[PDB]
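To begin, one chain is listed below as C-alpha cells, in the form deposited in one PDB entry.
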C-alpha cells in the first residue's frame, strides 16, 4: 500500500484559449480574449506503461483532480523538503493531488495531466479542454520530489511527483509488511527492506529469545527479561553459582544443593543444637 503524489506549481496560458482555438469564457470564436479568464483546474490520470503513449483512458492505477487554482496563468508553491515540513504544520494545499493504491507498485507508469475550464456545471464537455500532456516513465518510492516540464500546444506546465509507501510497508513495491512489536510474538523493529531487527538484548528468529546477564550460569538459571539471571530451585547468587543449603540449615554449609554439613560442636539435622 502506498500513495502517488503530484504537485502543480506553474501554468502559463498567455492567450487564454482552449485547445480548440476559442476563448475560455466568451463567444466561441476560433485584441486578446477579454477579462473573463479561464477558470483553470487539473485532472490527473495514472495508468500502465505504454511504449507509445495514447491520450486515452481508463486510468488503471487511479485518478484525482483539483478545484479552480487560478486564471489564465498563475504560480503556486513548489514541492520539496522545505515544503514538506511547511505542510506538516498545517486546510490543505489545493494544487496537491494524492492517489492512494493497494496493489504492488509496478515502478513503471504513464501519467496524463489535463487542464480544464470550469463553468459551474458537472456535465462532461470535451470542448472545455485547455491542454493535455503525458509522460511515460519510471519511479521508485522515496520522499524526494522529481520535477517534470511540459510545453504543449497551448499551455506550459511545471509539476513535481513522488511515490511513498504507507506506514509499516517497505520494499520498492510498497507490498512488504513489517510492524514493530514487543509482546509474546516477538521484540523487533523494521529496517528499510521490511526485515525484522531485534531490539537490544534479544535474539532468535522472531526475536523471542532473550540474552541473560553476562556471567549467568545457564546450567542453574535463565532469564525471561534481558540482562537478568534467575536461578533454578536449589541455587542462588548474582550468577546463580552458589548452592542453597537444606531448608532450615543454621550452622551448616553446602557445596551441592540441599546439603547441611554442621560446623564443629553443632548437631542436629539443621545444625542448630549447641553441643557445649
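Numbering follows the first chain given and starts at 1. Only the largest set of C-alpha atoms that superpose within 1.5 Å between the two forms is called the rigid core.
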{"query": "Missing from the model but present in the deposited sequence, between residue 30 and residue 31", "finding": "1 to 3"}
{"query": "Mean C-alpha temperature factor, higher of 115-123 and 155-163", "finding": "115-123"}
{"query": "Comparing 195-203 with 133-141, the one whose average Cα B-factor in the PDB entry is higher", "finding": "195-203"}
{"query": "Among 220, 52, 43, 47 - the residue whose C-alpha B-factor is largest in the record", "finding": "52"}
{"query": "Member of 226, 67, 62, 70 with the greatest C-alpha B factor (per the PDB record)", "finding": "226"}
{"query": "Residue 8 - which third its CA temperature factor falls in, relative to the rest of the chain", "finding": "lowest"}
{"query": "Third assignment of residue 109 from its chain's C-alpha B-factors", "finding": "lowest"}
{"query": "Chain-relative CA temperature factor third for residue 77", "finding": "lowest"}
{"query": "Third of the chain's Cα B-factor distribution that residue 173 belongs to, per the entry", "finding": "lowest"}
{"query": "For residue 100, the third of its chain into which the C-alpha B factor falls", "finding": "lowest"}
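Heads up, the form deposited in another entry isn't pictured, but that's what we're talking about next.
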| property | result |
| --- | --- |
| Core-aligned CA displacement of residue 215 at least 2 Å between the shown form and the other one | yes |
| Core fit, then residue 102 C-alpha moves 2 Å or more between the shown form and the other one | no |
| Cα displacement of residue 237 between the shown form and the other one reaching 2 Å, rigid core superposed | yes |
| Inter-Cα distance between residue 102 and residue 83 in that other deposited form, nearer or further [3 Å or more] | closer |
| Pair residue 101/residue 83, Cα separation in that other deposited form versus the displayed form, closer or farther by 3 angstroms or more | closer |
